[PDB]
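Dumped query-v9.cif below, it's mmCIF, C-alpha atoms and all ligand atoms:
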```cif
data_structure
#
loop_
_atom_site.label_atom_id
_atom_site.label_comp_id
_atom_site.auth_asym_id
_atom_site.auth_seq_id
_atom_site.Cartn_x
_atom_site.Cartn_y
_atom_site.Cartn_z
CA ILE A 1 10.62 10.66 -19.53
CA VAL A 2 11.00 14.22 -20.86
CA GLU A 3 14.28 16.14 -20.44
CA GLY A 4 16.00 13.30 -18.62
CA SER A 5 19.07 11.22 -19.40
CA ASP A 6 20.20 7.65 -20.06
CA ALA A 7 20.23 5.52 -16.91
CA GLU A 8 23.49 3.99 -15.78
CA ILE A 9 23.74 0.20 -15.82
CA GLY A 10 22.17 -1.16 -12.63
CA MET A 11 21.04 2.32 -11.52
CA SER A 12 17.43 1.26 -10.97
CA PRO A 13 17.48 -2.51 -10.49
CA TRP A 14 13.90 -2.47 -9.16
CA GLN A 15 12.62 -1.05 -12.45
CA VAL A 16 10.08 -3.32 -14.13
CA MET A 17 8.62 -3.19 -17.62
CA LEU A 18 5.01 -4.24 -18.03
CA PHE A 19 4.90 -5.83 -21.45
CA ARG A 20 1.83 -6.56 -23.56
CA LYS A 21 1.99 -10.02 -25.19
CA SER A 22 -0.10 -9.26 -28.27
CA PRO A 23 0.68 -6.92 -29.82
CA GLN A 24 4.17 -6.95 -28.28
CA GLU A 25 4.61 -3.47 -26.79
CA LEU A 26 5.41 -1.43 -23.67
CA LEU A 27 2.36 -1.06 -21.45
CA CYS A 28 3.77 0.64 -18.37
CA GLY A 29 6.49 0.78 -15.78
CA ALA A 30 6.36 -0.97 -12.44
CA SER A 31 8.69 -1.79 -9.56
CA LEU A 32 10.05 -4.86 -7.79
CA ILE A 33 9.32 -4.85 -4.05
CA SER A 34 10.11 -8.50 -3.23
CA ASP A 35 11.03 -11.65 -5.12
CA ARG A 36 7.35 -12.30 -5.91
CA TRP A 37 5.61 -8.91 -5.79
CA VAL A 38 5.52 -6.05 -8.29
CA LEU A 39 3.95 -2.62 -7.72
CA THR A 40 2.35 -0.48 -10.44
CA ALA A 41 -0.41 2.03 -11.18
CA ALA A 42 -4.00 0.73 -11.28
CA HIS A 43 -4.69 2.72 -14.45
CA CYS A 44 -2.05 0.67 -16.27
CA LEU A 45 -4.39 -2.29 -15.89
CA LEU A 46 -7.86 -0.79 -15.61
CA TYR A 47 -9.13 2.40 -17.22
CA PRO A 48 -12.66 2.06 -18.66
CA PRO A 49 -12.71 5.51 -20.33
CA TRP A 50 -10.02 4.21 -22.73
CA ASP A 51 -11.43 0.66 -22.92
CA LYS A 52 -8.45 -0.63 -20.91
CA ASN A 53 -8.94 -3.79 -18.86
CA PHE A 54 -6.02 -6.17 -18.85
CA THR A 55 -6.12 -9.59 -17.22
CA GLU A 56 -3.16 -11.65 -15.94
CA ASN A 57 -2.66 -13.60 -19.17
CA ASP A 58 -2.43 -10.47 -21.33
CA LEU A 59 0.85 -9.35 -19.82
CA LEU A 60 4.44 -10.18 -18.97
CA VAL A 61 6.77 -8.62 -16.43
CA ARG A 62 10.31 -7.92 -17.66
CA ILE A 63 12.87 -7.28 -14.94
CA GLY A 64 16.51 -6.20 -15.07
CA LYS A 65 16.11 -4.31 -18.34
CA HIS A 66 18.05 -1.37 -19.73
CA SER A 67 17.37 -1.34 -23.46
CA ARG A 68 13.72 -0.56 -24.23
CA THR A 69 13.24 -2.84 -27.24
CA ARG A 70 16.05 -5.44 -27.11
CA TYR A 71 15.72 -8.91 -25.63
CA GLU A 72 18.54 -8.62 -23.11
CA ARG A 73 19.72 -12.22 -23.10
CA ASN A 74 21.38 -13.40 -19.84
CA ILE A 75 20.42 -10.15 -18.12
CA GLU A 76 16.69 -9.55 -18.05
CA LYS A 77 14.24 -12.06 -16.63
CA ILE A 78 10.68 -12.47 -17.85
CA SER A 79 7.94 -13.42 -15.38
CA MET A 80 4.29 -14.43 -15.72
CA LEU A 81 1.53 -12.99 -13.54
CA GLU A 82 -0.28 -15.17 -11.02
CA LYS A 83 -2.74 -12.52 -9.85
CA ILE A 84 -3.51 -8.81 -10.12
CA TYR A 85 -4.80 -6.83 -7.12
CA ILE A 86 -6.27 -3.40 -7.76
CA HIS A 87 -7.07 -1.07 -4.85
CA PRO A 88 -10.79 -1.54 -4.08
CA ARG A 89 -11.28 2.24 -3.90
CA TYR A 90 -9.25 3.11 -7.00
CA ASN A 91 -11.12 6.07 -8.55
CA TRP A 92 -10.91 5.71 -12.33
CA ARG A 93 -14.14 7.68 -12.72
CA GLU A 94 -12.86 11.06 -11.54
CA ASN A 95 -9.23 11.75 -10.63
CA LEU A 96 -7.23 8.48 -10.37
CA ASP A 97 -7.39 8.62 -6.57
CA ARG A 98 -5.57 5.58 -5.08
CA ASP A 99 -3.89 4.75 -8.41
CA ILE A 100 -2.17 1.59 -7.22
CA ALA A 101 -2.07 -2.12 -8.02
CA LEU A 102 -0.05 -5.14 -6.99
CA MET A 103 0.96 -8.09 -9.13
CA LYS A 104 2.05 -11.44 -7.72
CA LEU A 105 4.47 -13.38 -9.93
CA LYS A 106 3.97 -17.07 -10.68
CA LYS A 107 7.55 -17.81 -9.60
CA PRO A 108 10.10 -15.86 -7.57
CA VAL A 109 12.63 -13.90 -9.60
CA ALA A 110 16.32 -14.45 -8.92
CA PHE A 111 18.17 -11.33 -7.79
CA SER A 112 21.29 -10.24 -9.65
CA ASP A 113 23.46 -7.18 -10.35
CA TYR A 114 20.52 -5.92 -12.43
CA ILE A 115 17.57 -7.15 -10.37
CA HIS A 116 16.95 -6.05 -6.78
CA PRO A 117 13.96 -4.81 -4.79
CA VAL A 118 13.32 -1.24 -3.64
CA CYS A 119 12.22 -0.44 -0.06
CA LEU A 120 8.76 0.75 0.83
CA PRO A 121 8.69 3.70 3.26
CA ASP A 122 7.85 3.58 6.94
CA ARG A 123 5.97 6.52 8.51
CA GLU A 124 9.20 8.12 9.76
CA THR A 125 11.03 7.96 6.44
CA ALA A 126 7.94 9.31 4.69
CA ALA A 127 7.57 12.18 7.15
CA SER A 128 11.28 13.01 6.86
CA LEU A 129 11.61 12.94 3.09
CA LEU A 130 8.24 13.96 1.63
CA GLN A 131 8.90 17.68 1.89
CA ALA A 132 8.61 20.43 -0.71
CA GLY A 133 11.95 21.00 -2.41
CA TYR A 134 13.29 17.53 -1.61
CA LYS A 135 14.14 15.71 -4.84
CA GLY A 136 13.21 12.21 -5.92
CA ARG A 137 14.04 10.24 -9.02
CA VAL A 138 11.72 8.95 -11.74
CA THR A 139 12.64 6.30 -14.30
CA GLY A 140 10.97 4.84 -17.36
CA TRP A 141 10.87 3.92 -21.04
CA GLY A 142 7.98 6.26 -21.85
CA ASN A 143 7.79 9.09 -24.37
CA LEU A 144 10.64 11.59 -24.61
CA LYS A 145 8.17 14.32 -25.59
CA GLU A 146 4.46 14.99 -25.14
CA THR A 147 3.77 14.94 -28.88
CA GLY A 155 9.94 9.72 -29.80
CA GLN A 156 10.80 6.67 -27.71
CA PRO A 157 14.16 6.10 -25.95
CA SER A 158 16.76 3.45 -26.79
CA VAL A 159 17.37 2.80 -23.09
CA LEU A 160 15.87 3.49 -19.65
CA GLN A 161 15.59 7.21 -18.87
CA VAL A 162 16.13 8.93 -15.52
CA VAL A 163 15.19 12.38 -14.15
CA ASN A 164 15.49 13.94 -10.69
CA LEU A 165 12.58 16.22 -9.71
CA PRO A 166 11.68 18.28 -6.63
CA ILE A 167 8.52 17.66 -4.60
CA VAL A 168 6.19 20.64 -4.89
CA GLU A 169 4.16 22.45 -2.19
CA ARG A 170 0.58 21.12 -2.05
CA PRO A 171 -1.09 24.52 -2.70
CA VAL A 172 1.01 24.93 -5.86
CA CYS A 173 0.02 21.44 -7.00
CA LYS A 174 -3.64 22.28 -6.36
CA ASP A 175 -3.43 25.65 -8.12
CA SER A 176 -1.85 24.09 -11.24
CA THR A 177 -4.90 22.05 -12.22
CA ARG A 178 -8.69 21.87 -12.25
CA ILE A 179 -8.58 18.20 -11.23
CA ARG A 180 -9.40 17.48 -7.58
CA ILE A 181 -6.20 16.51 -5.76
CA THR A 182 -6.29 14.17 -2.76
CA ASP A 183 -4.05 13.26 0.16
CA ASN A 184 -3.22 10.06 -1.75
CA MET A 185 -1.31 12.10 -4.36
CA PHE A 186 1.69 14.37 -4.42
CA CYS A 187 3.17 16.35 -7.27
CA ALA A 188 6.72 17.03 -8.39
CA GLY A 189 8.59 19.03 -11.01
CA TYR A 190 10.26 22.37 -11.53
CA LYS A 191 8.48 25.70 -11.55
CA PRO A 192 8.68 27.90 -14.68
CA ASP A 193 10.98 30.27 -12.76
CA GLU A 194 13.46 27.55 -11.79
CA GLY A 195 14.93 27.08 -15.27
CA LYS A 196 15.46 23.31 -15.08
CA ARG A 197 12.73 21.01 -16.35
CA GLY A 198 11.72 17.38 -16.73
CA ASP A 199 8.68 15.17 -16.23
CA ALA A 200 7.36 11.67 -16.55
CA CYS A 201 5.20 11.01 -19.61
CA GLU A 202 2.94 8.46 -21.31
CA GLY A 203 4.52 5.01 -20.93
CA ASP A 204 6.25 5.90 -17.65
CA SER A 205 3.04 5.28 -15.70
CA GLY A 206 3.32 2.75 -12.93
CA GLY A 207 7.06 3.33 -12.55
CA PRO A 208 8.69 4.47 -9.31
CA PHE A 209 9.44 7.86 -7.80
CA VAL A 210 12.32 6.99 -5.43
CA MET A 211 14.36 8.83 -2.80
CA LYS A 212 17.66 7.81 -1.20
CA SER A 213 17.40 8.09 2.57
CA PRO A 214 20.32 10.09 4.00
CA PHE A 215 19.81 8.24 7.30
CA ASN A 216 20.45 4.67 6.13
CA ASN A 217 21.51 5.14 2.48
CA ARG A 218 18.69 2.94 1.13
CA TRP A 219 16.39 3.72 -1.75
CA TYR A 220 12.70 4.05 -0.93
CA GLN A 221 9.79 4.20 -3.34
CA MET A 222 7.69 7.19 -2.29
CA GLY A 223 5.56 7.55 -5.40
CA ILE A 224 4.08 5.82 -8.45
CA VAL A 225 3.89 7.68 -11.77
CA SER A 226 0.16 8.38 -12.06
CA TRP A 227 -1.02 11.35 -14.13
CA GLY A 228 -0.26 14.73 -15.63
CA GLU A 229 -1.73 17.22 -18.08
CA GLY A 230 0.50 16.74 -21.10
CA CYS A 231 4.20 16.27 -20.30
CA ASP A 232 6.79 18.83 -19.13
CA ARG A 233 4.44 21.75 -19.67
CA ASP A 234 5.35 25.04 -17.98
CA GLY A 235 3.16 25.50 -14.92
CA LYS A 236 2.05 21.86 -14.85
CA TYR A 237 3.39 19.14 -12.57
CA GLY A 238 3.55 15.38 -12.54
CA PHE A 239 1.27 13.63 -10.06
CA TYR A 240 2.29 10.55 -8.16
CA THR A 241 0.47 7.99 -6.03
CA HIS A 242 1.47 8.50 -2.40
CA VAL A 243 2.82 5.02 -1.56
CA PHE A 244 3.06 5.43 2.21
CA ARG A 245 -0.57 6.60 2.43
CA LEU A 246 -1.64 3.30 0.86
CA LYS A 247 0.89 1.02 2.58
CA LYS A 248 -1.74 -0.49 4.91
CA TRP A 249 -3.54 -1.83 1.82
CA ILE A 250 -0.24 -3.06 0.38
CA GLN A 251 0.56 -4.95 3.56
CA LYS A 252 -2.97 -6.35 3.78
CA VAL A 253 -2.70 -7.84 0.28
CA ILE A 254 0.75 -9.32 0.80
CA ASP A 255 -0.27 -10.69 4.24
CA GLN A 256 -3.47 -12.27 2.91
CA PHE A 257 -2.19 -13.62 -0.41
CA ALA B 2 16.17 -6.99 4.62
CA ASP B 3 18.47 -6.04 1.76
CA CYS B 4 15.99 -3.73 0.03
CA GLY B 5 17.09 -0.53 -1.64
CA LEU B 6 20.81 -1.32 -1.76
CA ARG B 7 22.05 -1.65 -5.35
CA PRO B 8 24.63 -4.33 -6.22
CA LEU B 9 26.50 -2.02 -8.60
CA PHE B 10 26.39 1.05 -6.35
CA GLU B 11 25.73 0.93 -2.58
CA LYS B 12 26.96 -2.66 -2.26
CA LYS B 13 30.32 -1.62 -3.76
CA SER B 14 30.36 1.88 -2.24
CA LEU B 15 30.08 3.49 -5.69
CA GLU B 16 27.82 6.47 -6.31
CA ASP B 17 25.84 7.10 -9.45
CA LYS B 18 26.29 10.32 -11.40
CA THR B 19 23.38 12.31 -9.97
CA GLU B 20 22.43 10.89 -6.56
CA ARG B 21 24.37 13.73 -4.91
CA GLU B 22 21.73 16.11 -6.39
CA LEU B 23 19.14 14.30 -4.27
CA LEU B 24 21.27 14.44 -1.11
CA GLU B 25 21.91 18.16 -1.54
CA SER B 26 18.15 18.80 -1.64
CA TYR B 27 17.55 17.02 1.68
CA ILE B 28 17.93 20.07 3.91
CA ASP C 2 10.54 -2.12 -32.91
CA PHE C 3 10.58 -4.74 -30.15
CA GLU C 4 12.84 -7.75 -30.54
CA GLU C 5 11.04 -11.08 -30.29
CA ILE C 6 11.27 -12.81 -26.92
CA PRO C 7 11.84 -16.56 -26.41
CA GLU C 8 8.73 -18.61 -27.18
CA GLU C 9 8.71 -20.18 -23.71
CA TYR C 10 7.44 -16.94 -22.18
CA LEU C 11 4.44 -16.67 -24.46
CA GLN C 12 3.23 -20.24 -23.92
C1 LIG D 1 -6.10 10.39 -18.06
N1 LIG D 1 -4.80 10.69 -17.48
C2 LIG D 1 -4.05 9.56 -16.94
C3 LIG D 1 -2.77 9.34 -17.73
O1 LIG D 1 -2.72 9.51 -18.94
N2 LIG D 1 -1.71 8.98 -17.01
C4 LIG D 1 -0.41 8.80 -17.65
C5 LIG D 1 0.54 9.95 -17.38
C6 LIG D 1 1.49 9.85 -16.38
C7 LIG D 1 2.32 10.92 -16.08
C8 LIG D 1 2.23 12.11 -16.79
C9 LIG D 1 3.11 13.25 -16.46
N3 LIG D 1 3.85 13.28 -15.40
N4 LIG D 1 3.15 14.28 -17.30
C10 LIG D 1 1.28 12.20 -17.81
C11 LIG D 1 0.46 11.13 -18.10
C12 LIG D 1 -4.27 11.93 -17.40
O2 LIG D 1 -3.17 12.11 -16.91
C13 LIG D 1 -5.08 13.13 -17.90
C14 LIG D 1 -5.65 13.90 -16.70
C15 LIG D 1 -6.56 13.08 -15.84
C16 LIG D 1 -6.18 12.70 -14.56
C17 LIG D 1 -7.01 11.92 -13.78
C18 LIG D 1 -8.24 11.51 -14.26
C19 LIG D 1 -8.63 11.89 -15.52
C20 LIG D 1 -7.80 12.67 -16.31
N5 LIG D 1 -4.11 13.97 -18.60
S1 LIG D 1 -3.63 13.82 -20.14
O3 LIG D 1 -3.00 15.05 -20.49
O4 LIG D 1 -4.77 13.37 -20.89
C21 LIG D 1 -2.37 12.55 -20.18
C22 LIG D 1 -1.58 12.58 -21.46
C23 LIG D 1 -0.29 13.08 -21.48
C24 LIG D 1 0.43 13.11 -22.66
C25 LIG D 1 -0.13 12.64 -23.83
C26 LIG D 1 -1.41 12.13 -23.82
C27 LIG D 1 -2.13 12.10 -22.64
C1 LIG D 2 -12.77 -5.94 -16.38
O1 LIG D 2 -12.46 -7.28 -16.65
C2 LIG D 2 -13.05 -8.25 -15.68
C3 LIG D 2 -12.85 -9.59 -16.19
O2 LIG D 2 -13.33 -9.85 -17.48
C4 LIG D 2 -14.52 -8.01 -15.49
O3 LIG D 2 -15.07 -8.92 -14.54
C5 LIG D 2 -14.79 -6.65 -15.13
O4 LIG D 2 -16.20 -6.46 -14.96
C6 LIG D 2 -14.28 -5.74 -16.17
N1 LIG D 2 -14.63 -4.33 -15.94
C7 LIG D 2 -14.28 -3.45 -14.79
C8 LIG D 2 -13.47 -3.88 -13.62
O5 LIG D 2 -14.69 -2.30 -14.82
NA NA D 3 -7.09 24.03 -8.75
NA NA D 4 6.12 21.49 -15.74
#
```
Please re-express this file's structure in structure tokens.
Amino acid sequence: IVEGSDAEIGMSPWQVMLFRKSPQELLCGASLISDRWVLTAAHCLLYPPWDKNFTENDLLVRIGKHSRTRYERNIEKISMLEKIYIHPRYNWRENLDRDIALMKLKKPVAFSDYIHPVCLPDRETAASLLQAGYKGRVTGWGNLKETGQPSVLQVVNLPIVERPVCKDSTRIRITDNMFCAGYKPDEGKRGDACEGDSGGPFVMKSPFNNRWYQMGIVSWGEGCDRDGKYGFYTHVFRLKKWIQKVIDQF
Amino acid sequence: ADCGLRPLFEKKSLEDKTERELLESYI
Amino acid sequence: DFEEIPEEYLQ
């Protein structure tokens, strides 16, 4: 996260760290959506251009964390993966269209002050909140700058951007399964997700029922926090039918 | 059923330091 | 600079 701040304790209790077993390192962010299901970006697991293809046994899920590097004894919980599900139409070849994956845990995780699932949006909440100018919140342990790494979880609030402005900021083909967020050069404020934040949640707090909803997944961006560029996010509601199909079936 | 309600914030009726920024943007 | 995690999770 670039130009953000230290998270408060328990601020994002759905935040998940995807952790590589060997070598031991941060792979990506992710989010807790039930006691057995974790949501992330497909490209965290599969991206052939960079020779990336992780299997279940390569990874661990670390939940309830705050410190990036510490083993947070009596606070975090570490879970093994039973199965990975990548969207069947995930487009790693062109533009990361449908950049979404689910992970089922081997055992349910116990909820605590530090561990709690986020809501997934219904059509109405999505329609209400996914509007240009409305702000969401992105969290992660990724890079603090494009070109080091934070001591603890970082947080930044960013406004959703008008689709034509998103489209005009890039040569990459944008789809309805993406949205973009971030400040314009003229707005003064800044901030962005970065490398290592991928797979983490873009959340919004509904003013109707005061619950947090995950509207986006950190997906891609040209550099980090560049003037005139924006962060792109997987549009969670647009892919919720696939999400429900996987959880229903498996 | 209990999704999206944080033990250390909503469940205790405490707000975090910047959630009001989000609310103020929801016009 | 990651701290080692309990061995049980790597088994
Ligand atoms: C390849 N890629 C995916 C990626 O690296 N995702 C991680 C990520 C997440 C968020 C952000 C952000 N909000 N700035 C940036 C990168 C990119 O973003 C590509 C653009 C792309 C998008 C779709 C398909 C092909 C290319 N941009 S890139 O500039 O190569 C990503 C990057 C940023 C910082 C340091 C090193 C690399
Ligand atoms: C990725 O890994 C799996 C398992 O080894 C393999 O079957 C698959 O062909 C690999 N490549 C992909 C999905 O592009
Ligand atoms: Na364009
Ligand atoms: Na920018």
Residues of chain C near chain A: apply a cut-off of 8 Å, count all atoms listed in the file, and supply the list as a list in words.
-> residues 2, 3, 4, 5, 6, 10 and 11 of chain C
Could you tell me, counting all atoms listed in the file, which protein and nucleic acid residues lie no more than 7 Å from ligand LIG 2 (chain D), written as an NGL selection string?
-> :A and (46 or 48 or 53-55)
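Distance-wise, atom CA of residue 27 of chain A and atom CA of residue 134 of chain A end up 29.3 Å apart.
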Please identify every polymer residue within 8 Å of ligand NA 3 (chain D), using all atoms listed in the file, and present the set as number ranges by chain.
-> A: 173-180
Just how far from atom CA of residue 114 of chain A is atom CA of residue 16 of chain A, in Å to one decimal?
->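 Interatomic distance here is 10.9 Å.
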With only C-alpha atoms and all ligand atoms counted, collect every polymer residue having an atom within 6 Å of ligand NA 4 (chain D); state the result as an NGL selection string.
-> :A and (189-190 or 232-237)
Local residues around (8.5, 0.3, -6.6), at most 7 Å away, using only C-alpha atoms, as a PDB file with C-alpha atoms, in the frame of the given file:
```pdb
ATOM      1  CA  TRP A  14      13.900  -2.470  -9.160  1.00  0.00           C
ATOM      2  CA  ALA A  30       6.360  -0.970 -12.440  1.00  0.00           C
ATOM      3  CA  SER A  31       8.690  -1.790  -9.560  1.00  0.00           C
ATOM      4  CA  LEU A  32      10.050  -4.860  -7.790  1.00  0.00           C
ATOM      5  CA  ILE A  33       9.320  -4.850  -4.050  1.00  0.00           C
ATOM      6  CA  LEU A  39       3.950  -2.620  -7.720  1.00  0.00           C
ATOM      7  CA  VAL A 118      13.320  -1.240  -3.640  1.00  0.00           C
ATOM      8  CA  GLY A 207       7.060   3.330 -12.550  1.00  0.00           C
ATOM      9  CA  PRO A 208       8.690   4.470  -9.310  1.00  0.00           C
ATOM     10  CA  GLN A 221       9.790   4.200  -3.340  1.00  0.00           C
TER      11      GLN A 221
END
```
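Using all atoms listed in the file as the basis for the distance check, residues found within 6 Å of ligand LIG 1 (chain D) are residues 94, 95, 96, 146, 199, 200, 201, 202, 205, 225, 226, 227, 228, 229, 230, 231, 238 and 239 of chain A.
One finds atom CA of residue 49 of chain A at 14.8 Å from atom CA of residue 99 of chain A.
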Compute the chain A side of the contact with chain B at 7 Å, counting all atoms listed in the file, and hand it back as a list in words.
->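 Putting it all together, I get residues 10, 13, 113, 116, 117, 118, 119, 133, 134, 135, 136, 214, 218, 219 and 220 of chain A.
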Based on the selection just made, write C-alpha atoms of those residues as a compact mmCIF listing (two decimals), in the frame of the given file.
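Produced file again07.txt, reproduced below:
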```
# COMPACT_ATOMS: atom_id res chain seq x y z
CA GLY A 10 22.17 -1.16 -12.63
CA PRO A 13 17.48 -2.51 -10.49
CA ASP A 113 23.46 -7.18 -10.35
CA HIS A 116 16.95 -6.05 -6.78
CA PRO A 117 13.96 -4.81 -4.79
CA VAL A 118 13.32 -1.24 -3.64
CA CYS A 119 12.22 -0.44 -0.06
CA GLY A 133 11.95 21.00 -2.41
CA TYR A 134 13.29 17.53 -1.61
CA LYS A 135 14.14 15.71 -4.84
CA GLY A 136 13.21 12.21 -5.92
CA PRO A 214 20.32 10.09 4.00
CA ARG A 218 18.69 2.94 1.13
CA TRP A 219 16.39 3.72 -1.75
CA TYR A 220 12.70 4.05 -0.93
```
Within 6 Å of residue 41 of chain A, counting all atoms listed in the file, which residues show up once you throw out same-chain ones fewer than 4 positions away? Write them as a list in words, please.
-> residues 99, 100, 101 and 206 of chain A
Can I get a file of segment 167-191 of chain A from the given structure, N, CA and C atoms kept, as a PDB file, in the first residue's frame?
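This went into selection.pdb:
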```
ATOM      1  N   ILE A 167     -13.889   5.515  -5.857  1.00  0.00           N
ATOM      2  CA  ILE A 167     -14.203   4.866  -7.130  1.00  0.00           C
ATOM      3  C   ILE A 167     -14.195   5.916  -8.237  1.00  0.00           C
ATOM      4  N   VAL A 168     -13.639   5.551  -9.387  1.00  0.00           N
ATOM      5  CA  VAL A 168     -13.473   6.485 -10.490  1.00  0.00           C
ATOM      6  C   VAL A 168     -14.453   6.173 -11.630  1.00  0.00           C
ATOM      7  N   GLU A 169     -14.931   7.221 -12.300  1.00  0.00           N
ATOM      8  CA  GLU A 169     -15.792   7.104 -13.477  1.00  0.00           C
ATOM      9  C   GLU A 169     -15.184   6.177 -14.532  1.00  0.00           C
ATOM     10  N   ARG A 170     -15.999   5.293 -15.105  1.00  0.00           N
ATOM     11  CA  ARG A 170     -15.484   4.297 -16.052  1.00  0.00           C
ATOM     12  C   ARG A 170     -14.728   4.913 -17.247  1.00  0.00           C
ATOM     13  N   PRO A 171     -15.247   6.004 -17.858  1.00  0.00           N
ATOM     14  CA  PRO A 171     -14.470   6.586 -18.965  1.00  0.00           C
ATOM     15  C   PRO A 171     -13.077   7.065 -18.554  1.00  0.00           C
ATOM     16  N   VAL A 172     -12.929   7.546 -17.322  1.00  0.00           N
ATOM     17  CA  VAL A 172     -11.629   7.993 -16.850  1.00  0.00           C
ATOM     18  C   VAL A 172     -10.712   6.793 -16.644  1.00  0.00           C
ATOM     19  N   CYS A 173     -11.245   5.713 -16.069  1.00  0.00           N
ATOM     20  CA  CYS A 173     -10.495   4.465 -15.984  1.00  0.00           C
ATOM     21  C   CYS A 173     -10.000   4.028 -17.363  1.00  0.00           C
ATOM     22  N   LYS A 174     -10.910   3.997 -18.331  1.00  0.00           N
ATOM     23  CA  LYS A 174     -10.586   3.542 -19.677  1.00  0.00           C
ATOM     24  C   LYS A 174      -9.521   4.431 -20.327  1.00  0.00           C
ATOM     25  N   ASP A 175      -9.655   5.739 -20.134  1.00  0.00           N
ATOM     26  CA  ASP A 175      -8.741   6.692 -20.761  1.00  0.00           C
ATOM     27  C   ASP A 175      -7.371   6.770 -20.090  1.00  0.00           C
ATOM     28  N   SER A 176      -7.197   6.070 -18.969  1.00  0.00           N
ATOM     29  CA  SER A 176      -5.934   6.105 -18.231  1.00  0.00           C
ATOM     30  C   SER A 176      -4.959   5.011 -18.667  1.00  0.00           C
ATOM     31  N   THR A 177      -5.382   4.145 -19.583  1.00  0.00           N
ATOM     32  CA  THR A 177      -4.617   2.932 -19.855  1.00  0.00           C
ATOM     33  C   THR A 177      -4.838   2.464 -21.283  1.00  0.00           C
ATOM     34  N   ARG A 178      -3.883   1.712 -21.818  1.00  0.00           N
ATOM     35  CA  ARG A 178      -4.069   1.064 -23.106  1.00  0.00           C
ATOM     36  C   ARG A 178      -4.662  -0.342 -22.966  1.00  0.00           C
ATOM     37  N   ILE A 179      -4.700  -0.859 -21.743  1.00  0.00           N
ATOM     38  CA  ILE A 179      -5.236  -2.190 -21.497  1.00  0.00           C
ATOM     39  C   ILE A 179      -6.758  -2.168 -21.620  1.00  0.00           C
ATOM     40  N   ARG A 180      -7.318  -3.216 -22.221  1.00  0.00           N
ATOM     41  CA  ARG A 180      -8.763  -3.312 -22.416  1.00  0.00           C
ATOM     42  C   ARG A 180      -9.483  -3.586 -21.093  1.00  0.00           C
ATOM     43  N   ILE A 181     -10.298  -2.631 -20.659  1.00  0.00           N
ATOM     44  CA  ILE A 181     -11.055  -2.773 -19.416  1.00  0.00           C
ATOM     45  C   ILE A 181     -12.359  -3.500 -19.706  1.00  0.00           C
ATOM     46  N   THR A 182     -12.831  -4.282 -18.741  1.00  0.00           N
ATOM     47  CA  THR A 182     -14.096  -4.992 -18.866  1.00  0.00           C
ATOM     48  C   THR A 182     -15.057  -4.636 -17.740  1.00  0.00           C
ATOM     49  N   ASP A 183     -16.310  -5.055 -17.914  1.00  0.00           N
ATOM     50  CA  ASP A 183     -17.338  -4.872 -16.895  1.00  0.00           C
ATOM     51  C   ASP A 183     -17.025  -5.629 -15.609  1.00  0.00           C
ATOM     52  N   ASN A 184     -16.052  -6.544 -15.651  1.00  0.00           N
ATOM     53  CA  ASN A 184     -15.683  -7.295 -14.448  1.00  0.00           C
ATOM     54  C   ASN A 184     -14.577  -6.610 -13.659  1.00  0.00           C
ATOM     55  N   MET A 185     -14.295  -5.354 -14.003  1.00  0.00           N
ATOM     56  CA  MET A 185     -13.293  -4.539 -13.309  1.00  0.00           C
ATOM     57  C   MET A 185     -13.872  -3.187 -12.940  1.00  0.00           C
ATOM     58  N   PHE A 186     -13.366  -2.588 -11.868  1.00  0.00           N
ATOM     59  CA  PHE A 186     -13.561  -1.152 -11.685  1.00  0.00           C
ATOM     60  C   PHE A 186     -12.239  -0.543 -11.257  1.00  0.00           C
ATOM     61  N   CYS A 187     -12.130   0.777 -11.320  1.00  0.00           N
ATOM     62  CA  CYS A 187     -10.869   1.361 -10.879  1.00  0.00           C
ATOM     63  C   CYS A 187     -11.126   2.416  -9.812  1.00  0.00           C
ATOM     64  N   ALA A 188     -10.101   2.677  -9.015  1.00  0.00           N
ATOM     65  CA  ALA A 188     -10.224   3.602  -7.896  1.00  0.00           C
ATOM     66  C   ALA A 188      -8.902   4.322  -7.638  1.00  0.00           C
ATOM     67  N   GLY A 189      -8.997   5.497  -7.040  1.00  0.00           N
ATOM     68  CA  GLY A 189      -7.820   6.302  -6.775  1.00  0.00           C
ATOM     69  C   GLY A 189      -8.114   7.762  -7.018  1.00  0.00           C
ATOM     70  N   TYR A 190      -7.229   8.624  -6.532  1.00  0.00           N
ATOM     71  CA  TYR A 190      -7.402  10.051  -6.735  1.00  0.00           C
ATOM     72  C   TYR A 190      -6.871  10.508  -8.087  1.00  0.00           C
ATOM     73  N   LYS A 191      -7.482  11.567  -8.609  1.00  0.00           N
ATOM     74  CA  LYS A 191      -6.999  12.219  -9.813  1.00  0.00           C
ATOM     75  C   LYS A 191      -5.815  13.113  -9.459  1.00  0.00           C
TER      76      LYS A 191
END
```
